[PDB]
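Participant: The data below comprise the sequence and an experimental structure of the protein.
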Amino acid sequence: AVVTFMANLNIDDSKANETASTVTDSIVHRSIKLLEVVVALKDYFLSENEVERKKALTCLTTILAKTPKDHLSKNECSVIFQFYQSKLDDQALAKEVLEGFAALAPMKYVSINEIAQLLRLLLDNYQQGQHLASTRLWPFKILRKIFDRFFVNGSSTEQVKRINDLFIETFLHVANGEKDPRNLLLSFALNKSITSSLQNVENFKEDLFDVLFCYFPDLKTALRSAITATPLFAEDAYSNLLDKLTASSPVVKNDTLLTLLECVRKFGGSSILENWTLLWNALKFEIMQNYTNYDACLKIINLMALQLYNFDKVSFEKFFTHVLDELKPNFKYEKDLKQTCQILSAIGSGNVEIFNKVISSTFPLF
Amino acid sequence: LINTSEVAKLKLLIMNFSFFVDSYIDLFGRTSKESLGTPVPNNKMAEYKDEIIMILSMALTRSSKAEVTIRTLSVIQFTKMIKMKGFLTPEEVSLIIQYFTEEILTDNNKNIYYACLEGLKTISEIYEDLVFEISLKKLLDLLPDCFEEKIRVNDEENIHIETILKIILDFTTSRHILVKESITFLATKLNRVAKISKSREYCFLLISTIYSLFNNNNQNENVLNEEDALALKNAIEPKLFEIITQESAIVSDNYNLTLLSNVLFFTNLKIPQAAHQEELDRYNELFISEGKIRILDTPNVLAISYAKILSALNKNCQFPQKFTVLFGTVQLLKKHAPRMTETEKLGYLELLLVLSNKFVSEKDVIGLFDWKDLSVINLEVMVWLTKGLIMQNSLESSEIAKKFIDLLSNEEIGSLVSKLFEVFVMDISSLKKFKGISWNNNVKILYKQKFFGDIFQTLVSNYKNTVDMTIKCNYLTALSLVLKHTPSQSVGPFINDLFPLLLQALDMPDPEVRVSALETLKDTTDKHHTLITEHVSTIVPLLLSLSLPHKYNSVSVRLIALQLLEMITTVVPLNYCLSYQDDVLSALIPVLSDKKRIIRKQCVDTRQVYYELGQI
């Protein structure tokens, strides 16, 4: 197969995928020439001139992604040796290394030595996400895929239990330098998953929202689904969410009311049973303050009442008696009927029993 | 480059050399801790290295003490020449260290003083053993056996006894060998000045220096590593109990005992977890189960240290005796309270809080509840436990909060509860999610705001539903003591209903509530304006009385009254502000003439700004 040599030498001619197809044809022909072409490329990008090195490296990464057939773990670790040295030397060739990382992370051919060498040195020398638009765009990809490969709790962390804690601050290392919305979405989704799927985040929590808040201002619903992903944002969510009841701009108020919707939905009943009084105080203040914010806060009140009712009838009864003690003159008299009547309208729209409670509590008044 | 001691010639020589050192650096390199002795292959500066060394040595030393620029440039060029990779031998840097130390102890000139400090610190960060051997050991040797002596550097010039402590505080902030040996030697001298000498301030300063050096390393987590901090602990801790045994100034003064508690908390904060447990067990055996000291049977001051011990020892390790020590300290607080001293009682309360937030679960606390007895000790116990419960963010703490509000409607006990109600919301400084530690407690930062949202509303409703001296004063004091620790700008929705009690809280003895309410009116008038406009005719003379000198108006309180007067005059339109110019101008004469002068300067500024706003 002369196609092997002609592709291996014509990649320097900036043929891009045209010679990559010939490389694949060569690999099909001789079935052993993949290693020969990659090792002949190993010193082919060793030349300092930019064209030679970058064009050899792009095809090396492409055909390495196209070669998951025979690919050993220690050979794998040796493959990223040149990836790291190219990261260390210069940029504008490190991008191809970035697609190579984002291609080698998904595959199961990641050794224990590889996961450790990654989690240590991919930020030791490269310091991912610090420079250049694409050279900061792809690091989020490579860390996302190395998370979703085996570090994600699909098979728990029986052999990747070492990377849990340090992955927190290696994702925090790659932050505060990405401004394009795609990297923002990526960081949001990474926080969302790295809190919820991942275990023992409570030891190192509340710092993963730092990158999100720095990227927080549009297409921001990923951050909003993140702050509601797991009850670990519980301690975090209110920490910001109550403050967002005091926000001035109504768009963030509405978005944060939606986030509190998913929060009350997926923080069980213990947290809502904990914070029912303060949340009703804040949401009544916002009722007096105000897809608008008013329907969002009525849905907040409805879901919160439903959560107390389904979790503990005692808590929902305490809520109902507090609401009655505070608003009964409003219902019985001719003052503030709109807001309070809508409040118990949303409350009673939860179930038949709560509706009967609302009816028996308000109809005798007026 | 000719030998000269003249200010002009030597100064131009030194500032020229300042560029040749840079050329040499750019051509060859700079120091690394591995390249501390490795020289570059060839250059012409090596042929001139003796001349530049000699000229720098005579420029700093063997020179008059009046040279500020000459000696500053001398130490700067000394440091810069050190900054080259192994081009100066350890003998040269030893001579430079000796020069810096001698010229810094001889001359007080803060130019040469702080320049020599900078040079010594750079040598410390580039030469551990060298500086520790020449400068640090000598400085530790200048101090004598007895306190309050003149540290005779030479025949005439002498420094203070605290000068050595200040110099120790200066460097060794990031030098592992320096800081560890310094902690050891300062502990040795603490023991010695307590045993063979009779001093208090020297022991206090030494233990505070130990605390500061531990803090400067726990801020880095690497100057004293986990095992390094363990070894230094094993060195200092027997040296700390042996000075506990003798009356010293750490047992004689409870403040030095608190400094020892801080030192133990810092040195156990950097302890490996595998080595925590046994130590914890030892403590769990030394303080609770057995030992001469029994915190569960007899009150003792050293118990306070054990609190800092428990927050610093591991949580997710086997600590079987946690509920029993909580019950024992509750019983001791109930029984021994008249004979408990302030340090003992505060330490046992901190121990209660540490167990509540760290070791004992919420079930132990809720099983310890007894509201039948309306005694002071019972309220202390329930408040300091439900404080950790609030710090844990649960129903009970939030529901117990309402219980407290209700019980605060009592006449003679509701007043005590109101004045003690500050405890629920305070900083801890020992149980938060500190950097490093993660097993510290069940930390929740949202406790403050949540507690406010649970307390304020009911309090204000009760105040507006109250008549008399006592119960209204209780409501005001409780809401004020809650709002004082919670940030005022973080509690916004509550401000509107808070404005009546906000205006109420401006006349009461504690300057703490005064500063808090003044800050809260600042935030309110920054945000709210209808309340300010409708209430200015009421607030202005109250701020005037605040600005008047009084047994309750501190100079800071009057300064804050000035600041609020300025802020409310800025926010309120000119219509009302014109009507309230002369009163402020007249009732401020003891404020621009009081004991402090920032108070005086700011009262002058307040008077001038009021006058210019009224005249325009």
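Facilitator: On my side now, so go ahead. Numbering: from 1, shown residues only, chains lettered A, B, ... in the order given.

Participant: Please name the residues that touch residue 255.
Facilitator: This is for chain A. With contact set as CB atoms under 8 Å, 6 or more residues apart in numbering or on different chains, residue A:255 has these partners: A:220, A:221, A:224. C-beta: built from backbone N, CA, C; applies to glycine.

Participant: actually chain B
Facilitator: Residue B:255 neighbours (CB under 8 Å, 6+ apart): residue B:204.

Participant: That one: which element?
Facilitator: Residue B:255 belongs to helix B:254-269 when assigned by DSSP states H and E.

Participant: can I get the CA coordinates of that helix in PDB?
Facilitator: Extracted in PDB, the C-alpha atoms of helix B:254-269 (Å, rounded to 0.1, in the frame of the first residue of the first chain):
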ATOM      1  CA  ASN B 254      -7.100  33.500  80.600                       C
ATOM      2  CA  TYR B 255      -6.400  35.600  77.500                       C
ATOM      3  CA  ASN B 256      -3.100  33.700  77.100                       C
ATOM      4  CA  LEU B 257      -5.100  30.500  77.700                       C
ATOM      5  CA  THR B 258      -7.400  31.600  74.800                       C
ATOM      6  CA  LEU B 259      -4.300  32.200  72.700                       C
ATOM      7  CA  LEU B 260      -3.100  28.700  73.600                       C
ATOM      8  CA  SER B 261      -6.500  27.400  72.500                       C
ATOM      9  CA  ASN B 262      -6.100  29.200  69.200                       C
ATOM     10  CA  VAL B 263      -2.700  27.700  68.800                       C
ATOM     11  CA  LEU B 264      -4.000  24.200  69.500                       C
ATOM     12  CA  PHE B 265      -6.900  24.700  67.100                       C
ATOM     13  CA  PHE B 266      -4.600  25.800  64.400                       C
ATOM     14  CA  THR B 267      -2.100  23.000  64.900                       C
ATOM     15  CA  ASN B 268      -4.800  20.400  65.100                       C
ATOM     16  CA  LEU B 269      -6.500  21.900  62.100                       C
END
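
Participant: buried stuff in that helix?
Facilitator: B:254, B:256-269 (16 or more other CB atoms under 10 Å in any protein chain shown).

Participant: now the residue of the stretch 101-250 of chain B found nearest chain A, nearest residue through space, not along the chain?
Facilitator: Closest to chain A within the stretch 101-250 of chain B is residue B:221: 13.0 Å, counting by CB to the nearest CB. Closest residue in space to residue B:221, ignoring its immediate chain neighbours: residue B:436 at 5.5 Å, by CB to CB, 6 or more residues apart in numbering or on different chains.

Participant: where's the residue nearest to residue B:111 when sequence neighbours are not counted relative to residue B:77, distance?
Facilitator: Among residues not flanking residue B:111 along the chain, residue B:68 sits closest, at 4.2 Å (CB to CB, 6+ apart). Separation of residue B:68 from residue B:77 (CB to CB, to the nearest Å): 15 Å.

Participant: So between those two, which is more surrounded?
Facilitator: Between residue B:68 and residue B:77, counted using other CB atoms under 10 Å in any protein chain shown, residue B:77 has the larger neighbour count: 23 against 14.

Participant: for the closest residue to chain A within the stretch 1-150 of chain B, helix, strand, or coil?
Facilitator: Closest residue of the stretch 1-150 of chain B to chain A, CB to the nearest CB: residue B:32 (17.5 Å). With DSSP: H, G, I helix; E, B strand; the rest coil as the basis, residue B:32 sits in coil.

Participant: ok, the closest residue to it other than its chain neighbours - how many residues close by?
Facilitator: Excluding the flanking residues, the one nearest residue B:32 by CB to CB, 6+ apart is residue B:85, at 6.6 Å. By the criterion of other CB under 10 Å, residue B:85 has 18 neighbours.

Participant: any idea which helix or strand carries residue B:85?
Facilitator: Counting by DSSP H and E, residue B:85 is part of no helix or strand.

Participant: Closest residue of the stretch 201-350 of chain A to chain B?
Facilitator: Counting by CB to the nearest CB, the stretch 201-350 of chain A gets nearest chain B through residue A:278, at 3.6 Å.

Participant: what's the helix or strand for that residue?
Facilitator: helix A:270-289.

Participant: Which strands and helices lie in contact with that helix?
Facilitator: Counting contacts by 3 or more CB pairs under 8 Å, 6 or more residues apart in numbering or on different chains; DSSP states H and E, helix A:270-289 packs against helix A:232-245, helix A:250-266, helix A:294-311, helix A:313-332, helix A:337-348, helix B:395-407, helix B:447-463.

Participant: what comes up buried for it?
Facilitator: A:270-287, A:289.

Participant: residues contacting residue B:487?
Facilitator: Contacts of residue B:487 (CB under 8 Å, 6+ apart): residue B:448.

Participant: May I have the phi/psi pair for it?
Facilitator: Per-residue torsions, residue B:487: phi -60, psi 130 (degrees, to the nearest 10).

Participant: Quick check: it vs chain A, distance?
Facilitator: According to CB to the nearest CB, to the nearest Å, residue B:487 and chain A sit 11 Å apart.

Participant: Let me see the contact set for residue A:160.
Facilitator: Residues near residue A:160 by CB under 8 Å, 6+ apart: A:115, A:150, A:151.

Participant: List the contacts of stretch A:190-201.
Facilitator: Counting by CB under 8 Å, 6+ apart, A:140, A:143-144, A:147-148, A:151-154, A:156-157, A:164-165, A:167-168, A:171, A:205, A:208-209, A:211-212, A:222-223, A:225-226, A:229-230, A:232-233 sit against stretch A:190-201.

Participant: can we see that at 7 Å?
Facilitator: A:140, A:143-144, A:147, A:152-153, A:164, A:171, A:208-209, A:211-212, A:222, A:225-226, A:229-230, A:232-233 (CB atoms under 7 Å, 6 or more residues apart in numbering or on different chains).

Participant: who in chain A is up against chain B?
Facilitator: Within reach of chain B by CB under 7 Å from any CB of the partner chain, chain A has these residues: A:203-204, A:235, A:238-239, A:242, A:246, A:273-274, A:277-278, A:281-282, A:285.

Participant: wait, residue B:124 sits on residue B:171?
Facilitator: Yes. Counting by CB atoms under 7 Å, residue B:124 does reach residue B:171; the two are 4.8 Å apart.

Participant: Mutual contacts of the two, please.
Facilitator: Joint contacts of residue B:124 and residue B:171 (CB under 7 Å, 6+ apart) are residue B:178.

Participant: Off-centre distance for the helix holding residue A:278?
Facilitator: Distance of helix A:270-289 from the chain centroid (CA atoms, centre = their mean, to the nearest Å) equals 28 Å.

Participant: circling back: out of the residues of chain A next to chain B, the closest to residue B:300 would be?
Facilitator: residue A:203 (34.7 Å; CB to CB).

Participant: And the residue nearest to the closest one when sequence neighbours are not counted, which helix or strand is it part of?
Facilitator: Using CB to CB, 6+ apart and skipping residues adjacent in sequence, the residue nearest residue A:203 is residue B:438, 4.3 Å away. Per DSSP H and E, residue B:438 falls between elements, in no helix or strand.

Participant: For residue B:438, the count of nearby residues, please.
Facilitator: 16.

Participant: So what does it look like in phi/psi?
Facilitator: The phi/psi pair for residue B:438 (degrees, to the nearest 10) reads phi -130, psi -20.

Participant: now swap in residue B:83 and tell me
Facilitator: According to degrees, to the nearest 10, residue B:83 has phi -70, psi 0.

Participant: for the residue nearest to residue B:111, what are its contacts?
Facilitator: B:109, B:111, B:112.

Participant: got it, and residue B:102?
Facilitator: Taking CB under 7 Å, 6+ apart as the test, what residue B:102 contacts is residue B:61.

Participant: run the last query once more with 10 Å
Facilitator: Contact analysis of residue B:102 by CB atoms under 10 Å, 6 or more residues apart in numbering or on different chains lists B:60, B:61, B:116, B:135, B:138, B:153, B:154, B:157.
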